[PDB]
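A.B. asks: Under the authors' numbering, the residues of the sequence shown are numbered 11 to 316, 319 to 340, in order. Beta carbons: idealized from backbone N, C-alpha and C, even for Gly.
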Amino acid sequence: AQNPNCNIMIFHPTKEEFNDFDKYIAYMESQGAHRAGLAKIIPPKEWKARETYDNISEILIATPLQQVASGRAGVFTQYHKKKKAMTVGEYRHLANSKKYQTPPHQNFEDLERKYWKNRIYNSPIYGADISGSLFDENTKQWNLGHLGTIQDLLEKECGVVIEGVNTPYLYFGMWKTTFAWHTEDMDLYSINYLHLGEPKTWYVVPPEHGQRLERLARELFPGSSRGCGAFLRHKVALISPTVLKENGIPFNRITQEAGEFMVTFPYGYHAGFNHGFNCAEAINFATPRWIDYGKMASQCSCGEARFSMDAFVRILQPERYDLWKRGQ
Ligand SMILES: O=c1[nH]cnc2cnccc12
Ligand SMILES: [Co+2]
Ligand SMILES: [Zn+2]
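1) Could you spell out where the beta strand (DSSP E) holding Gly207 opens and where it closes?
2) Distance check for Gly137 and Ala95, CA to CA, integer angstroms please.
3) With three or more C-beta pairs closer than 8 Å as the rule, is the segment 210-224 touching the segment 37-53?
4) Check whether the segment 74-89 touches the segment 293-303, counting contact only when three or more Cβ pairs, one atom from each stretch, lie closer than 8 Å.
5) How many whole angstroms separate the CB atoms of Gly286 and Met196, which I take to be in contact at a CB cut-off of 8 Å?
6) With H, G and I counted as helix, E and B as strand and the rest as coil, what does DSSP make of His115?
7) Here's the rule: buried if 16 or more other CB atoms are within 10 angstroms of the residue's CB, otherwise exposed. What is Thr62?
8) Within the same chain, show all residues whose beta-carbon is closer than 8 Å to that of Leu144, passing over the 5 residues directly before and after it, in chain order.
9) Quick one: is the Cβ of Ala227 within less than 6 Å of any heavy atom of ligand 3?
10) Going by the CB atoms, is the gap between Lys92 and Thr73 shorter than 7 Å?
11) By DSSP, does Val98 sit in helix, in strand, or in coil?
12) In or out: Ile20 buried (at least 16 other Cβ within 10 Å) or exposed?
13) Can you tell me whether DSSP reads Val325 as helix, strand or coil?
14) Closest to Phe118 by CA distance: which of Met272, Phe324 and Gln266 is it?
15) Alpha helix (DSSP H) containing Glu229: first to last residue?
16) Quick test of the definition: if touching needs 3 or more C-beta pairs under 8 Å, does the segment 139-154 touch the segment 114-129?
17) Mind checking whether the beta-carbon of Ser200 lies closer than 6 Å to any heavy atom of ligand 2?
18) Please name the residue in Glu39, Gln116 and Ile130 whose C-alpha comes closest to that of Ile249.
19) Measure the Cβ-Cβ separation of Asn294 and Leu157 and say whether it is below 7 Å.
20) At a cut-off of 6 Å, is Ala315 close to ligand 3 when judged by its beta-carbon and the heavy atoms of the ligand?
21) At the level of alpha carbons, what is the spacing between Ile259 and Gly220?
22) Would the beta-carbon of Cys289 be found less than 6 Å away from any heavy atom of ligand 3?
23) Looking at ligand 3, does it come within less than 6 Å of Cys168, judged from the CB to the closest heavy atom?
24) Would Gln88 be called buried (16 or more neighbouring beta carbons within 10 Å of its own) or exposed?
25) Short of 7 Å in beta carbon distance, which residues of its chain neighbour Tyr277, apart from the five on each side in sequence? Order them along the chain.
26) For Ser40, count the other beta carbons within 10 Å of its own beta carbon; 16 or more makes it buried, fewer makes it exposed. Which is it?
27) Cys310: beta carbon under 6 Å from a heavy atom of ligand 3?
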């Protein structure tokens with residue numbers, strides 16, 4: 011068995027190896043990369059996402075989200091308060107203001123300490139889930155807007171044509187902006203490219219130990235757990251590495267820097283935070299290996315969890333479809 015400790019692996023593809031996306035994901039998995047739930051891919055030195063990021067200030071963040079926390083420092087929930095629209099230019103200025111800027115710190119470790127100590131006492135603003143792409147049309151390798159669609163993968167594996175499209179999303183971050191503990195919709199893969207700016211720190215639980223995190227989450231968020239069988243789908247729960255360690259939950263951490271890809275694997279619970287102003291692009295994808303995870307994925311049917321999903325539940329989980337559809 012490759013990667014038995016479930017360590018987060020870092021890959022350095024050659025330009026030749028960067029030419030076939032599916033092939034390289036399969037290669038990574040042949041080395042046990044998936045067992046960690048998360049992998050870093052450093053692109054070839056001659057590769058670039060686009061020419062410059064000098065012309066992105068006029069992008070609109072239609073609904074910036076202020077992330078308001080409740081609970082204790084190491085165990086909290088966050089809700090999203092809608093704010094008025096602003097451009098990326100205006101958001102960048104806000105991120106860099108005294109109120110929101112990254113504080114002085116010695117290193118990544120110091121910054122992590124400051125995040126978990128202080129996160130709940132501030133409410134940063136996040137430009138999340140903006141449909142669009144910053145990859146240049148002429149970028150032919152690992153262009154997140156030119157990946158094979160999940161609908162086409164499902165069709166190729168299961169022989170059924172389905173409706174739906176899947177397109178990339180942009181995420182404009184600032185210091186303390188947070189992504190809560192979750193797996194992807196239908197336990198899909200995700201790929202995330204950090205286009206520009208300050209780093210993003212990730213935490214991840216190995217897929218083979220996902221149910222351990224769920225069990226702890228039910229204990230730590232008893233109210234939310236009673237309300238919904240798969241409340242982590244709401245993407246509101248944060249648990250610190252110190253608390254995970256106290257409870258014996260296996261996990262790993264890694265910091266992603268500008269110009270680097272991260273891939274999350276089926277049923278790999280993950281969470282994290284941004285160091286400062288940055289922009290990431292992400293999309294879900296599937297491989298043949300995903301199908302069996304899709305079949306087993308837990309669903310939020312309470313209504314809280316946030319189009320393409322219909323067909324995946326309909327085909328892969330026909331028994332769950334009616335009840336799930338009532339929640340929607
Ligand atoms: O960077 C991220 N921002 C918001 N949500 C996420 C969910 N999963 C992974 C990364 C992110
Ligand atoms: Co995710
Ligand atoms: Zn729910």
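C.D. replies: This is what the structure gives:
1) Taking the sequence shown and counting its residues from 1, the one referred to as residue 207 is at position 197. Residue range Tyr199 to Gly207 is occupied by the beta strand (DSSP E) that includes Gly207.
2) Position 85 of the sequence shown, counting from 1, holds the residue named residue 95. Position 127 of the sequence shown, counting from 1, holds the residue named residue 137. For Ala95 and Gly137, the distance between alpha carbons rounds to 10 Å.
3) The answer is yes - the segment 210-224 touches the segment 37-53, with three or more Cβ pairs under 8 Å.
4) Short answer: they don't touch.
5) The residue labelled residue 286 in the question sits at position 276 within the sequence shown. The residue labelled residue 196 in the question sits at position 186 within the sequence shown. Incorrect: roughly 32 Å between the Cβ atoms, too far for contact.
6) Locating residue 115 in the sequence shown gives position 105, counting from the first residue. In this structure, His115 counts as coil in the three-state DSSP scheme.
7) Here residue 62 is taken as the residue at index 52 of the sequence shown, counted from 1. By the neighbour-count rule (16 or more Cβ atoms within 10 Å), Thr62 is not buried but exposed.
8) As a position in the sequence shown, residue 144 is number 134, starting the count at 1. Taken in chain order, the residues that qualify are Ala59, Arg60, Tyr63, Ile66, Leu180, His205, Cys289 and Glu291.
9) Here residue 227 refers to the residue found at position 217 when the sequence shown is read from its first residue. Result no, Cβ not under 6 Å from ligand 3.
10) Position 63 of the sequence shown holds residue 73. Position 82 of the sequence shown holds residue 92. A contact, by the Cβ cut-off of 7 Å.
11) Mapped onto the sequence shown, residue 98 falls at position 88. Secondary structure at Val98: helix, using DSSP grouped into helix, strand and coil.
12) Residue numbering aside, residue 20 sits at position 10 when the sequence shown is read from its first letter. Burial call: exposed.
13) Numbered from 1 along the sequence shown, position 313 holds the residue referred to as residue 325. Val325 falls in the helix class under three-state DSSP.
14) Sequence index remark: in the sequence shown, residue 118 carries index 108 (1-based). The option with the nearest alpha carbon to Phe118 is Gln266.
15) Start at 1 with the first residue of the sequence shown, and residue 229 comes out as number 219. Segment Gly220 to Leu230, the alpha helix (DSSP H) holding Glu229.
16) No: the two stretches stay apart, fewer than three of their Cβ pairs being nearer than 8 Å.
17) Translated into positions along the sequence shown, residue 200 becomes position 190. Relative to the non-hydrogen atoms of ligand 2, the Cβ of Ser200 comes within a distance shorter than 6 Å of at least one.
18) In the sequence shown, the residue the question calls residue 249 occupies position 239. With distances taken between Cα atoms, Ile249 lies closest to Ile130.
19) One-based indexing of the sequence shown puts residue 294 at position 284. One-based indexing of the sequence shown puts residue 157 at position 147. The Cβ atoms of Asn294 and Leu157 do not sit closer than 7 Å to each other.
20) Counted from its first residue, the sequence shown places residue 315 at position 305. Between ligand 3 and the CB of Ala315, the shortest heavy atom gap is smaller than 6 Å.
21) Within the sequence shown, residue 259 is the residue found at index 249, counting from 1. Within the sequence shown, residue 220 is the residue found at index 210, counting from 1. Going from the Cα of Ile259 to the Cα of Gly220 covers about 9 Å.
22) The residue given as residue 289 occupies position 279 in the sequence shown. Not one heavy atom of ligand 3 is found less than 6 Å from the C-beta of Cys289.
23) Locating residue 168 in the sequence shown gives position 158, where the first residue counts as 1. The answer is no for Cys168.
24) Counting from 1 along the sequence shown, the entry for residue 88 is found at position 78. Of the residues assessed, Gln88 falls on the buried side of the cut-off, its CB having 16 or more other CB atoms within 10 angstroms.
25) Your numbering for residue 277 matches position 267 in the sequence shown. Within the same chain, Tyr277 has close Cβ partners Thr193, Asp197, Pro217, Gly220 and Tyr303.
26) Walking along the sequence shown from the start, residue 40 turns up at place 30. By the 10 Å Cβ count, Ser40 comes out exposed.
27) Position 300 of the sequence shown holds residue 310. Within the cutoff, so yes.
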